[PDB]
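Okay, query-v1.cif is below, mmCIF, C-alpha atoms:
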data_work
#
loop_
_atom_site.label_atom_id
_atom_site.label_comp_id
_atom_site.auth_asym_id
_atom_site.auth_seq_id
_atom_site.Cartn_x
_atom_site.Cartn_y
_atom_site.Cartn_z
CA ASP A 1 -140.34 35.88 -37.68
CA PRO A 2 -138.42 36.36 -40.98
CA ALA A 3 -135.78 38.25 -38.97
CA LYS A 4 -135.04 35.54 -36.37
CA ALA A 5 -134.07 33.13 -39.16
CA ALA A 6 -131.69 35.71 -40.67
CA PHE A 7 -130.04 36.75 -37.39
CA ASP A 8 -129.39 33.08 -36.55
CA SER A 9 -127.65 32.43 -39.89
CA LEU A 10 -125.25 35.35 -39.42
CA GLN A 11 -124.24 34.26 -35.90
CA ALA A 12 -123.54 30.73 -37.18
CA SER A 13 -121.31 32.14 -39.94
CA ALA A 14 -119.44 34.39 -37.48
CA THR A 15 -118.67 31.46 -35.14
CA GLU A 16 -117.12 29.52 -38.04
CA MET A 17 -114.79 32.42 -38.93
CA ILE A 18 -113.54 32.96 -35.38
CA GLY A 19 -112.48 29.28 -35.43
CA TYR A 20 -110.34 29.73 -38.54
CA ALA A 21 -108.80 32.86 -36.99
CA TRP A 22 -107.74 31.20 -33.72
CA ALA A 23 -105.75 28.84 -35.97
CA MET A 24 -103.92 31.54 -37.97
CA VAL A 25 -102.82 33.48 -34.87
CA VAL A 26 -101.04 30.43 -33.36
CA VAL A 27 -99.02 29.89 -36.57
CA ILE A 28 -97.90 33.55 -36.71
CA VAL A 29 -97.22 33.98 -32.96
CA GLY A 30 -95.14 30.77 -33.11
CA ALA A 31 -92.95 32.23 -35.87
CA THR A 32 -92.46 35.57 -34.06
CA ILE A 33 -91.34 33.95 -30.78
CA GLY A 34 -88.99 31.70 -32.82
CA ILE A 35 -87.20 34.61 -34.54
CA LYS A 36 -86.81 36.39 -31.20
CA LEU A 37 -85.15 33.41 -29.45
CA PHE A 38 -82.63 32.66 -32.21
CA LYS A 39 -81.54 36.32 -32.50
CA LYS A 40 -80.96 36.48 -28.71
CA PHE A 41 -78.81 33.30 -28.57
CA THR A 42 -76.62 34.92 -31.23
CA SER A 43 -76.01 38.45 -29.89
CA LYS A 44 -74.81 38.73 -26.25
CA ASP B 1 -123.53 39.04 -68.87
CA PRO B 2 -122.35 42.70 -69.04
CA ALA B 3 -121.14 42.29 -65.43
CA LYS B 4 -118.91 39.23 -65.96
CA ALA B 5 -116.86 41.16 -68.53
CA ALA B 6 -116.40 44.07 -66.10
CA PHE B 7 -115.49 41.96 -63.06
CA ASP B 8 -112.86 40.12 -65.12
CA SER B 9 -111.19 43.37 -66.24
CA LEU B 10 -110.83 44.64 -62.66
CA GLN B 11 -109.24 41.40 -61.43
CA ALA B 12 -106.73 41.50 -64.31
CA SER B 13 -105.79 45.09 -63.38
CA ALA B 14 -105.41 44.19 -59.69
CA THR B 15 -103.04 41.29 -60.47
CA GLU B 16 -100.78 43.65 -62.46
CA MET B 17 -100.52 46.11 -59.54
CA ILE B 18 -99.65 43.46 -56.94
CA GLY B 19 -96.71 42.53 -59.21
CA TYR B 20 -95.32 46.07 -59.21
CA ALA B 21 -95.74 46.20 -55.41
CA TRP B 22 -93.80 42.99 -54.69
CA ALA B 23 -90.92 44.74 -56.49
CA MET B 24 -91.01 47.98 -54.46
CA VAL B 25 -91.07 46.18 -51.09
CA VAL B 26 -87.82 44.28 -51.84
CA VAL B 27 -85.98 47.52 -52.67
CA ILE B 28 -87.11 49.24 -49.45
CA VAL B 29 -86.64 46.21 -47.12
CA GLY B 30 -83.13 45.82 -48.59
CA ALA B 31 -82.25 49.41 -47.64
CA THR B 32 -83.64 49.09 -44.09
CA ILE B 33 -81.68 45.90 -43.30
CA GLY B 34 -78.56 47.60 -44.75
CA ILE B 35 -78.78 50.65 -42.45
CA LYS B 36 -79.33 48.40 -39.44
CA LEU B 37 -76.21 46.26 -40.09
CA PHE B 38 -73.82 49.17 -40.64
CA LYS B 39 -74.99 51.00 -37.49
CA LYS B 40 -74.44 47.83 -35.41
CA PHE B 41 -70.88 47.20 -36.69
CA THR B 42 -70.08 50.76 -35.58
CA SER B 43 -71.50 50.95 -32.03
CA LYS B 44 -70.51 48.13 -29.62
CA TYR C 1 -66.26 26.34 -36.72
CA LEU C 2 -66.99 29.10 -39.23
CA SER C 3 -66.93 26.92 -42.34
CA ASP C 4 -70.28 25.09 -42.27
CA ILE C 5 -72.44 27.83 -40.75
CA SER C 6 -71.89 29.94 -43.87
CA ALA C 7 -74.54 31.78 -45.91
CA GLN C 8 -74.65 34.60 -48.48
CA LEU C 9 -77.09 37.48 -49.04
CA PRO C 10 -79.80 36.64 -51.66
CA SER C 11 -79.39 38.50 -54.97
CA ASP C 12 -82.69 40.41 -54.74
CA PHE C 13 -81.66 42.38 -51.63
CA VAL C 14 -78.76 44.06 -53.44
CA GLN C 15 -80.61 46.78 -55.39
CA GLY C 16 -81.59 48.07 -51.93
CA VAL C 17 -78.21 48.18 -50.18
CA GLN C 18 -76.71 49.85 -53.28
CA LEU C 19 -79.01 52.89 -53.00
CA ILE C 20 -78.36 53.79 -49.38
CA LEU C 21 -74.67 52.96 -48.88
CA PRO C 22 -72.30 55.98 -48.56
CA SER C 23 -68.66 55.90 -49.68
CA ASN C 24 -67.10 55.75 -46.19
CA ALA C 25 -69.31 52.82 -45.10
CA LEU C 26 -67.16 49.76 -45.90
CA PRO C 27 -63.86 51.68 -45.22
CA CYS C 28 -65.16 52.34 -41.67
CA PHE C 29 -66.01 48.67 -41.04
CA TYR C 30 -62.45 47.65 -41.92
CA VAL C 31 -61.13 50.12 -39.31
CA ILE C 32 -63.27 48.45 -36.61
CA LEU C 33 -61.49 45.21 -37.56
CA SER C 34 -57.96 46.65 -37.57
CA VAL C 35 -58.31 48.35 -34.17
CA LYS C 36 -59.08 44.87 -32.79
CA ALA C 37 -55.90 43.21 -34.15
CA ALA C 38 -53.68 46.07 -32.87
CA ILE C 39 -54.97 45.63 -29.29
CA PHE C 40 -54.22 41.86 -29.42
CA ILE C 41 -50.56 42.49 -30.33
CA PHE C 42 -50.27 45.14 -27.57
CA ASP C 43 -51.67 42.64 -25.03
CA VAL C 44 -49.37 39.72 -25.96
CA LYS C 45 -46.27 41.96 -26.04
CA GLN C 46 -47.19 43.54 -22.66
CA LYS C 47 -47.25 40.06 -21.03
CA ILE C 48 -43.77 39.12 -22.33
CA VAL C 49 -42.27 42.18 -20.55
CA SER C 50 -43.81 40.95 -17.27
CA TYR C 51 -41.73 37.75 -17.43
CA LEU C 52 -38.74 39.96 -16.51
CA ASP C 53 -39.98 39.75 -12.89
CA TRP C 54 -39.77 35.94 -12.79
CA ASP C 55 -35.99 36.16 -12.31
CA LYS C 56 -35.66 37.81 -8.88
CA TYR D 1 -80.86 23.43 -9.74
CA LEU D 2 -81.91 22.92 -13.35
CA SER D 3 -83.99 19.79 -12.78
CA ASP D 4 -87.23 21.09 -11.24
CA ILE D 5 -87.51 24.39 -13.11
CA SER D 6 -88.00 22.46 -16.36
CA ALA D 7 -90.67 23.07 -19.01
CA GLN D 8 -91.22 22.18 -22.68
CA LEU D 9 -92.71 24.14 -25.61
CA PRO D 10 -96.46 23.40 -26.14
CA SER D 11 -97.22 21.34 -29.25
CA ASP D 12 -99.30 24.03 -30.99
CA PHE D 13 -96.38 26.46 -31.33
CA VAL D 14 -94.40 24.06 -33.52
CA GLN D 15 -96.12 24.58 -36.90
CA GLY D 16 -94.88 28.18 -36.54
CA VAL D 17 -91.20 27.62 -35.73
CA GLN D 18 -91.01 25.04 -38.55
CA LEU D 19 -91.93 27.60 -41.24
CA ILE D 20 -89.36 30.26 -40.40
CA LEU D 21 -86.30 28.28 -39.29
CA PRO D 22 -83.34 28.24 -41.76
CA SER D 23 -80.90 25.33 -42.04
CA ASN D 24 -77.95 27.01 -40.29
CA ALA D 25 -80.06 28.05 -37.27
CA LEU D 26 -79.53 25.19 -34.80
CA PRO D 27 -75.94 24.51 -36.09
CA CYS D 28 -75.10 28.13 -35.16
CA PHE D 29 -76.52 27.80 -31.62
CA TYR D 30 -74.28 24.79 -30.96
CA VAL D 31 -71.23 26.87 -31.96
CA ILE D 32 -72.14 29.51 -29.35
CA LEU D 33 -72.04 26.68 -26.80
CA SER D 34 -68.73 25.19 -27.96
CA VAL D 35 -66.88 28.53 -27.97
CA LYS D 36 -67.82 28.79 -24.28
CA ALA D 37 -66.32 25.40 -23.28
CA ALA D 38 -63.06 26.12 -25.17
CA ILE D 39 -62.50 29.37 -23.24
CA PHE D 40 -62.99 27.55 -19.89
CA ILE D 41 -60.24 25.03 -20.72
CA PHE D 42 -57.91 27.86 -21.86
CA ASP D 43 -58.52 29.68 -18.54
CA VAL D 44 -57.89 26.67 -16.25
CA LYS D 45 -54.75 25.65 -18.17
CA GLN D 46 -53.41 29.25 -18.11
CA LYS D 47 -53.63 29.30 -14.28
CA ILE D 48 -51.66 26.05 -13.87
CA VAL D 49 -48.70 27.60 -15.76
CA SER D 50 -48.71 30.50 -13.26
CA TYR D 51 -47.96 28.10 -10.39
CA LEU D 52 -44.43 27.88 -11.84
CA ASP D 53 -43.74 31.22 -10.10
CA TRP D 54 -44.59 29.86 -6.63
CA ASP D 55 -41.16 28.17 -6.47
CA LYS D 56 -38.75 31.13 -6.41
CA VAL E 1 -46.66 21.46 -13.38
CA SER E 2 -45.90 21.33 -17.13
CA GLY E 3 -47.55 17.90 -17.49
CA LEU E 4 -50.82 19.09 -15.92
CA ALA E 5 -51.06 21.61 -18.79
CA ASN E 6 -49.49 19.76 -21.75
CA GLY E 7 -51.73 16.79 -20.93
CA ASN E 8 -48.77 14.41 -20.50
CA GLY E 9 -49.26 13.58 -16.81
CA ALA E 10 -47.60 14.21 -13.44
CA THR E 11 -45.82 11.73 -11.15
CA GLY E 12 -44.96 12.64 -7.55
CA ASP E 13 -46.91 14.75 -5.05
CA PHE E 14 -48.83 16.14 -8.04
CA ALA E 15 -50.31 12.69 -8.72
CA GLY E 16 -53.76 13.37 -7.23
CA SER E 17 -54.54 16.22 -9.63
CA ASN E 18 -54.16 13.91 -12.66
CA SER E 19 -57.79 12.80 -12.14
CA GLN E 20 -59.07 16.28 -11.31
CA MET E 21 -57.54 17.53 -14.56
CA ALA E 22 -59.24 14.80 -16.60
CA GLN E 23 -62.61 16.23 -15.57
CA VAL E 24 -61.54 19.67 -16.82
CA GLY E 25 -60.88 18.25 -20.31
CA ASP E 26 -58.90 18.93 -23.50
CA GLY E 27 -59.94 20.90 -26.59
CA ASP E 28 -63.72 21.32 -26.95
CA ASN E 29 -64.73 18.29 -24.89
CA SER E 30 -65.03 18.95 -21.15
CA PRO E 31 -66.68 16.33 -18.84
CA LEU E 32 -67.72 19.23 -16.56
CA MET E 33 -69.53 21.29 -19.23
CA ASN E 34 -71.21 18.21 -20.75
CA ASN E 35 -73.18 17.64 -17.56
CA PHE E 36 -75.19 20.71 -18.58
CA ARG E 37 -76.19 19.08 -21.86
CA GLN E 38 -78.74 16.51 -20.67
CA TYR E 39 -80.90 19.43 -19.54
CA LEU E 40 -80.87 21.47 -22.77
CA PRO E 41 -84.33 22.76 -23.90
CA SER E 42 -85.70 20.70 -26.79
CA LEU E 43 -86.05 23.01 -29.79
CA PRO E 44 -87.78 21.81 -33.03
CA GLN E 45 -85.86 20.90 -36.20
CA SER E 46 -85.89 22.35 -39.73
CA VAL E 47 -88.19 21.00 -42.46
CA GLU E 48 -89.12 22.22 -45.97
CA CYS E 49 -91.74 24.98 -46.28
CA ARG E 50 -95.40 23.96 -46.47
CA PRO E 51 -98.26 26.48 -47.10
CA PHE E 52 -100.98 27.36 -44.59
CA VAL E 53 -104.60 27.33 -45.76
CA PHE E 54 -107.22 29.56 -44.11
CA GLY E 55 -110.78 28.35 -44.71
CA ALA E 56 -110.59 24.85 -46.22
CA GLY E 57 -113.65 24.28 -48.40
CA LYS E 58 -115.37 27.66 -48.04
CA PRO E 59 -115.72 30.48 -50.67
CA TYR E 60 -113.14 32.45 -48.63
CA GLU E 61 -110.18 30.12 -49.21
CA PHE E 62 -106.67 31.59 -49.37
CA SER E 63 -103.12 30.33 -48.81
CA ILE E 64 -99.95 31.98 -47.51
CA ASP E 65 -97.53 30.89 -50.25
CA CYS E 66 -93.96 29.64 -49.83
CA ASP E 67 -92.24 31.67 -52.59
CA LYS E 68 -92.16 34.84 -50.47
CA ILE E 69 -91.32 32.90 -47.28
CA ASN E 70 -88.31 31.18 -48.88
CA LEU E 71 -86.84 34.66 -49.48
CA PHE E 72 -87.09 35.49 -45.76
CA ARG E 73 -85.22 32.31 -44.78
CA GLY E 74 -82.47 33.50 -47.16
CA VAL E 75 -81.98 36.88 -45.43
CA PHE E 76 -82.40 35.22 -42.01
CA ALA E 77 -79.52 32.76 -42.54
CA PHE E 78 -77.17 35.63 -43.53
CA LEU E 79 -78.09 37.73 -40.46
CA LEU E 80 -77.24 34.76 -38.21
CA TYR E 81 -73.83 34.02 -39.76
CA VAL E 82 -72.82 37.71 -39.60
CA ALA E 83 -73.81 37.71 -35.90
CA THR E 84 -71.62 34.67 -35.11
CA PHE E 85 -68.53 35.69 -37.10
CA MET E 86 -68.68 38.94 -35.14
CA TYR E 87 -68.73 36.89 -31.93
CA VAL E 88 -66.02 34.29 -32.56
CA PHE E 89 -63.72 37.07 -33.84
CA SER E 90 -64.29 39.46 -30.92
CA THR E 91 -63.74 36.69 -28.38
CA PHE E 92 -60.29 35.76 -29.71
CA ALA E 93 -59.19 39.42 -29.69
CA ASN E 94 -60.21 39.96 -26.06
CA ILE E 95 -58.77 36.71 -24.68
CA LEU E 96 -56.30 38.60 -22.46
CA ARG E 97 -58.60 41.50 -21.55
CA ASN E 98 -60.50 39.48 -18.90
CA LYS E 99 -63.63 40.10 -21.02
CA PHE F 1 -113.10 37.39 -15.53
CA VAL F 2 -116.68 38.53 -16.17
CA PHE F 3 -117.41 42.01 -17.54
CA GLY F 4 -120.99 43.14 -16.86
CA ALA F 5 -122.54 40.68 -14.40
CA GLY F 6 -126.30 40.57 -14.97
CA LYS F 7 -126.60 42.98 -17.91
CA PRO F 8 -127.38 42.18 -21.62
CA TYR F 9 -123.70 42.95 -22.37
CA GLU F 10 -122.19 40.04 -20.42
CA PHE F 11 -118.95 38.46 -21.67
CA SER F 12 -116.10 36.45 -20.15
CA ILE F 13 -112.39 36.22 -20.92
CA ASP F 14 -112.04 32.42 -21.07
CA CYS F 15 -109.23 30.29 -19.62
CA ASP F 16 -108.59 27.97 -22.59
CA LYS F 17 -106.60 30.62 -24.48
CA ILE F 18 -104.89 31.86 -21.29
CA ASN F 19 -103.66 28.37 -20.34
CA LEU F 20 -101.77 28.32 -23.67
CA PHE F 21 -99.93 31.53 -22.77
CA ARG F 22 -98.79 30.11 -19.41
CA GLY F 23 -97.35 27.19 -21.43
CA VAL F 24 -95.15 29.39 -23.66
CA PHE F 25 -94.29 31.62 -20.68
CA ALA F 26 -92.86 28.74 -18.59
CA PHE F 27 -90.60 27.68 -21.51
CA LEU F 28 -89.27 31.23 -22.06
CA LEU F 29 -88.29 31.40 -18.36
CA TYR F 30 -86.44 28.07 -18.26
CA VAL F 31 -84.50 28.91 -21.45
CA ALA F 32 -83.51 32.24 -19.84
CA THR F 33 -82.16 30.55 -16.68
CA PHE F 34 -80.29 27.67 -18.36
CA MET F 35 -78.56 30.36 -20.40
CA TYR F 36 -77.60 32.09 -17.15
CA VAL F 37 -76.40 29.18 -14.99
CA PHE F 38 -74.34 27.90 -17.95
CA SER F 39 -72.72 31.24 -18.82
CA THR F 40 -71.80 31.87 -15.18
CA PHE F 41 -69.86 28.62 -14.81
CA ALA F 42 -67.91 29.28 -18.03
CA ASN F 43 -66.83 32.78 -16.93
CA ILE F 44 -65.87 31.87 -13.36
CA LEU F 45 -62.22 32.80 -13.96
CA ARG F 46 -62.86 35.79 -16.25
CA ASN F 47 -63.72 38.13 -13.33
CA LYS F 48 -67.16 38.53 -14.97
#

Now that the file is in, can you turn its structure into structure tokens?
Amino acid sequence: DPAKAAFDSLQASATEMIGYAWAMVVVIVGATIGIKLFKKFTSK
Amino acid sequence: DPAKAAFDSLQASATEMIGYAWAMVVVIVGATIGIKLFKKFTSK
Amino acid sequence: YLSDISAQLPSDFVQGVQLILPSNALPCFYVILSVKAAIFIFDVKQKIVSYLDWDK
Amino acid sequence: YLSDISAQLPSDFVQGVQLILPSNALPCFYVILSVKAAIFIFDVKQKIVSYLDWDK
Amino acid sequence: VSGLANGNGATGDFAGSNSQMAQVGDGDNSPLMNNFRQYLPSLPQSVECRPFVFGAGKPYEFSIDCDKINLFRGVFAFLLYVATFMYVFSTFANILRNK
Amino acid sequence: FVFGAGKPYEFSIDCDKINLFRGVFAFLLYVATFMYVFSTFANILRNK
């Protein structure tokens, strides 16, 4: 099966990328929640 | 390599355009933050 | 308190503000700051006229 | 009341906050908490000077 | 009654309230409003700006740079000072207007 | 929560990334009560 080999490679690659993404989202969501708190403390 | 030459040209061009864009965004973001301050000072 | 929490607008975000600002913008802001003062003098002076009821 | 409703920020949402925070951020917050205290002492002390009208 | 406000003290029948009026406080420091300060949420501090790297080692490696983040921290400082000056001010003016 | 029990298209919203939300959500509820208890003691003589 020359197709099985190929399909397996692409799944492996995809899994790696989702890992890097779950990192980036926690850095950005952190920042957003941090701007929203400070602004609140400042303005009634 | 008749392809290397071409790929290099297109990257050069892209870099130039990103420069012009970083300019335009600072003019527009300036304006937006300036409308939002003045409106606030005016209405409780 | 207001001396060490001080910051100024960066110099790149000027070209923006000076493309959108009308002529009556800053003049208006100053009014909102003068109306405040006036009300504080009215309040203090209204409480000195109420001390005339302490001698009865 | 404030002892059992207590929670702390998870440790993953730090790298974020420490990329966006200016220098005058936390210093400002403390001011908003000191202005409060001051007004509470003014209020209590202003009500002790009004007891001077109970002897008339 | 003048000494329980000046902070000079009271001697007589008003000699019990000289310990109740020490808990109130004087100036910015109030023993009553400093009880609330052992229970303050712990917020992180401020450090210099470090980049974030997506995809260490792989062909698809990029980095959110600090040069365009340092500009945001500049505008963000300003918009926090403006919003405190307009709070300190407006609370002095309405000191007799029972908020 | 499992979408599509038994079929080729079976997936599950996992708990590992939901437990992190409950962590941030707790914090943002304590901060919003401390800033209420506090501010109601300070303005006890200011007739709200």

Report task. Run through the PyMOL selection byres ((chain A) within 12 of (chain E)) on the given coordinates and return the selected residues as a ChimeraX atom specification. Result -> /A:13,16-28,30-31,34-44

Skipping near chain neighbours, those fewer than 5 positions away, what residues fall within 6 Å of range 21-38 of chain F using all atoms listed in the file, listed as a CSV table (one decimal) with C-alpha atoms, keeping the file's coordinate frame?
chain,number,residue,atom,x,y,z
D,7,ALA,CA,-90.7,23.1,-19.0
D,8,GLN,CA,-91.2,22.2,-22.7
D,9,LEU,CA,-92.7,24.1,-25.6

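Picture a line from CA of residue 13 in chain D to CA of residue 33 in chain A; it runs 9.0 Å.
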
Requested in this report: Please identify all polymer residues within 10 Å of range 42-46 of chain F, counting all atoms listed in the file, omitting same-chain residues fewer than 5 positions from it, and present them as a PyMOL selection string.
Outcome: (chain D and resi 36-41+43-44+47) or (chain E and resi 33+95-99) or (chain F and resi 37)

Residues of chain C that approach chain B to 10 Å or less, counting all atoms listed in the file: could you list each one with the shortest pair of atoms and its distance in Å to one decimal, rows by chain and increasing residue number, as a Markdown table?
| residue | atom | partner | partner_atom | distance |
| --- | --- | --- | --- | --- |
| C:12 | CA | B:26 | CA | 7.1 |
| C:13 | CA | B:30 | CA | 4.8 |
| C:14 | CA | B:30 | CA | 6.8 |
| C:15 | CA | B:27 | CA | 6.1 |
| C:16 | CA | B:30 | CA | 4.3 |
| C:17 | CA | B:31 | CA | 4.9 |
| C:18 | CA | B:31 | CA | 7.9 |
| C:19 | CA | B:31 | CA | 7.2 |
| C:20 | CA | B:31 | CA | 6.1 |
| C:21 | CA | B:34 | CA | 7.8 |
| C:25 | CA | B:38 | CA | 7.3 |
| C:26 | CA | B:38 | CA | 8.5 |
| C:28 | CA | B:42 | CA | 8.0 |
| C:29 | CA | B:41 | CA | 6.7 |
| C:30 | CA | B:41 | CA | 9.9 |
| C:31 | CA | B:42 | CA | 9.7 |
| C:32 | CA | B:42 | CA | 7.3 |
| C:33 | CA | B:41 | CA | 9.6 |

Query - Distance in Å - CA of residue 30 in chain E versus CA of residue 45 in chain E - result: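 Separating CA of residue 30 in chain E from CA of residue 45 in chain E is a distance of 25.8 Å.
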
Fit target chain D, mobile chain C, all Cα in order, as a tab-separated table (two decimals) with C-alpha atoms, keeping the file's coordinate frame:
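Dumped everything to out.tsv:
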chain	number	residue	atom	x	y	z
C	1	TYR	CA	-80.85	23.43	-9.73
C	2	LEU	CA	-81.91	22.91	-13.35
C	3	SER	CA	-83.99	19.79	-12.77
C	4	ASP	CA	-87.24	21.09	-11.24
C	5	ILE	CA	-87.51	24.39	-13.10
C	6	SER	CA	-87.99	22.48	-16.36
C	7	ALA	CA	-90.67	23.07	-19.01
C	8	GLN	CA	-91.22	22.18	-22.69
C	9	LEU	CA	-92.71	24.14	-25.61
C	10	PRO	CA	-96.46	23.40	-26.13
C	11	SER	CA	-97.22	21.33	-29.25
C	12	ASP	CA	-99.30	24.02	-30.99
C	13	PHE	CA	-96.38	26.46	-31.33
C	14	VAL	CA	-94.40	24.06	-33.52
C	15	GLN	CA	-96.12	24.58	-36.89
C	16	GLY	CA	-94.88	28.18	-36.55
C	17	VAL	CA	-91.20	27.63	-35.74
C	18	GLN	CA	-91.01	25.04	-38.55
C	19	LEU	CA	-91.92	27.60	-41.24
C	20	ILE	CA	-89.36	30.26	-40.41
C	21	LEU	CA	-86.30	28.28	-39.30
C	22	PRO	CA	-83.34	28.24	-41.76
C	23	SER	CA	-80.90	25.32	-42.04
C	24	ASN	CA	-77.95	27.02	-40.29
C	25	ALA	CA	-80.06	28.06	-37.28
C	26	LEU	CA	-79.53	25.19	-34.81
C	27	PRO	CA	-75.94	24.51	-36.09
C	28	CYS	CA	-75.09	28.13	-35.16
C	29	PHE	CA	-76.51	27.81	-31.63
C	30	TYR	CA	-74.29	24.79	-30.96
C	31	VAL	CA	-71.23	26.87	-31.96
C	32	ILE	CA	-72.15	29.52	-29.35
C	33	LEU	CA	-72.04	26.68	-26.80
C	34	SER	CA	-68.73	25.19	-27.95
C	35	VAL	CA	-66.88	28.53	-27.98
C	36	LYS	CA	-67.82	28.79	-24.28
C	37	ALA	CA	-66.32	25.41	-23.27
C	38	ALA	CA	-63.06	26.11	-25.18
C	39	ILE	CA	-62.50	29.37	-23.24
C	40	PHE	CA	-62.99	27.54	-19.90
C	41	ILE	CA	-60.24	25.02	-20.72
C	42	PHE	CA	-57.91	27.85	-21.85
C	43	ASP	CA	-58.52	29.68	-18.54
C	44	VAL	CA	-57.89	26.67	-16.25
C	45	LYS	CA	-54.75	25.65	-18.17
C	46	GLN	CA	-53.41	29.25	-18.11
C	47	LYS	CA	-53.64	29.30	-14.28
C	48	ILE	CA	-51.66	26.04	-13.88
C	49	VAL	CA	-48.69	27.60	-15.76
C	50	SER	CA	-48.71	30.50	-13.27
C	51	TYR	CA	-47.96	28.10	-10.39
C	52	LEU	CA	-44.42	27.88	-11.84
C	53	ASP	CA	-43.74	31.22	-10.09
C	54	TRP	CA	-44.58	29.85	-6.63
C	55	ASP	CA	-41.16	28.17	-6.46
C	56	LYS	CA	-38.75	31.13	-6.40

Report task. Step by step, work through what the PyMOL selection byres ((chain D and resi 52) around 12) selects in the shown file, and finish by giving those residues as a list in words. Result ->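 Output from the PyMOL selection byres ((chain D and resi 52) around 12), applied to this file: residues 51, 54 and 55 of chain C; 46, 47, 48, 49, 50, 51, 53, 54, 55 and 56 of chain D; 1, 2, 3, 4 and 5 of chain E.
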
Restricting the output to C-alpha atoms, write the selected residues as a PDB file, in the coordinates of the input.
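So the final result, stored in selection.pdb, reads:
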ATOM      1  CA  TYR C  51     -41.730  37.750 -17.430  1.00  0.00           C
ATOM      2  CA  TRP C  54     -39.770  35.940 -12.790  1.00  0.00           C
ATOM      3  CA  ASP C  55     -35.990  36.160 -12.310  1.00  0.00           C
TER       4      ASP C  55
ATOM      5  CA  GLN D  46     -53.410  29.250 -18.110  1.00  0.00           C
ATOM      6  CA  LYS D  47     -53.630  29.300 -14.280  1.00  0.00           C
ATOM      7  CA  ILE D  48     -51.660  26.050 -13.870  1.00  0.00           C
ATOM      8  CA  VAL D  49     -48.700  27.600 -15.760  1.00  0.00           C
ATOM      9  CA  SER D  50     -48.710  30.500 -13.260  1.00  0.00           C
ATOM     10  CA  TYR D  51     -47.960  28.100 -10.390  1.00  0.00           C
ATOM     11  CA  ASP D  53     -43.740  31.220 -10.100  1.00  0.00           C
ATOM     12  CA  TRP D  54     -44.590  29.860  -6.630  1.00  0.00           C
ATOM     13  CA  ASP D  55     -41.160  28.170  -6.470  1.00  0.00           C
ATOM     14  CA  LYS D  56     -38.750  31.130  -6.410  1.00  0.00           C
TER      15      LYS D  56
ATOM     16  CA  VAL E   1     -46.660  21.460 -13.380  1.00  0.00           C
ATOM     17  CA  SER E   2     -45.900  21.330 -17.130  1.00  0.00           C
ATOM     18  CA  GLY E   3     -47.550  17.900 -17.490  1.00  0.00           C
ATOM     19  CA  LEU E   4     -50.820  19.090 -15.920  1.00  0.00           C
ATOM     20  CA  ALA E   5     -51.060  21.610 -18.790  1.00  0.00           C
TER      21      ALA E   5
END

**Report entry** Residues selected by the PyMOL selection byres ((chain E) within 6 of (chain D)), written as number ranges by chain
**Finding:** E: 5, 28, 46, 49, 73, 77

**Report entry** Å distance separating CA of residue 8 in chain E from CA of residue 29 in chain E, one decimal place
**Finding:**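 One can read the CA of residue 8 in chain E to CA of residue 29 in chain E distance as 17.0 Å.
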
Box for range 5-8 of chain D - axis-aligned, 3 Å on each of the six sides, all listed atoms - centre and size in Å to one decimal, as AutoDock Vina command-line options.
--center_x -89.4 --center_y 23.3 --center_z -17.9 --size_x 9.7 --size_y 8.2 --size_z 15.6

Could you model N, CA, C and O atoms for range 20-27 of chain D and present them as an mmCIF file, keeping the file's coordinate frame?
data_model
loop_
_atom_site.group_PDB
_atom_site.id
_atom_site.type_symbol
_atom_site.label_atom_id
_atom_site.label_comp_id
_atom_site.auth_asym_id
_atom_site.auth_seq_id
_atom_site.Cartn_x
_atom_site.Cartn_y
_atom_site.Cartn_z
ATOM 1 N N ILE D 20 -90.154 29.050 -40.473
ATOM 2 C CA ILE D 20 -89.360 30.260 -40.400
ATOM 3 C C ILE D 20 -87.891 29.890 -40.224
ATOM 4 O O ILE D 20 -87.008 30.651 -40.621
ATOM 5 N N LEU D 21 -87.642 28.697 -39.665
ATOM 6 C CA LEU D 21 -86.300 28.280 -39.290
ATOM 7 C C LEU D 21 -85.470 27.981 -40.538
ATOM 8 O O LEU D 21 -85.893 27.201 -41.390
ATOM 9 N N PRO D 22 -84.273 28.603 -40.691
ATOM 10 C CA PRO D 22 -83.340 28.240 -41.760
ATOM 11 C C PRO D 22 -82.669 26.905 -41.441
ATOM 12 O O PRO D 22 -83.091 26.193 -40.532
ATOM 13 N N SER D 23 -81.612 26.585 -42.196
ATOM 14 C CA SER D 23 -80.900 25.330 -42.040
ATOM 15 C C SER D 23 -79.694 25.495 -41.116
ATOM 16 O O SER D 23 -79.263 24.528 -40.488
ATOM 17 N N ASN D 24 -79.165 26.723 -41.038
ATOM 18 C CA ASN D 24 -77.950 27.010 -40.290
ATOM 19 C C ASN D 24 -78.288 27.538 -38.896
ATOM 20 O O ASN D 24 -77.394 27.979 -38.178
ATOM 21 N N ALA D 25 -79.574 27.483 -38.521
ATOM 22 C CA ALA D 25 -80.060 28.050 -37.270
ATOM 23 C C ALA D 25 -79.514 27.280 -36.070
ATOM 24 O O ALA D 25 -78.711 27.817 -35.309
ATOM 25 N N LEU D 26 -79.960 26.026 -35.911
ATOM 26 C CA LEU D 26 -79.530 25.190 -34.800
ATOM 27 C C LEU D 26 -78.022 24.939 -34.842
ATOM 28 O O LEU D 26 -77.378 25.089 -33.805
ATOM 29 N N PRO D 27 -77.399 24.575 -35.995
ATOM 30 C CA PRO D 27 -75.940 24.510 -36.090
ATOM 31 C C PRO D 27 -75.176 25.697 -35.509
ATOM 32 O O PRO D 27 -74.132 25.489 -34.902
#
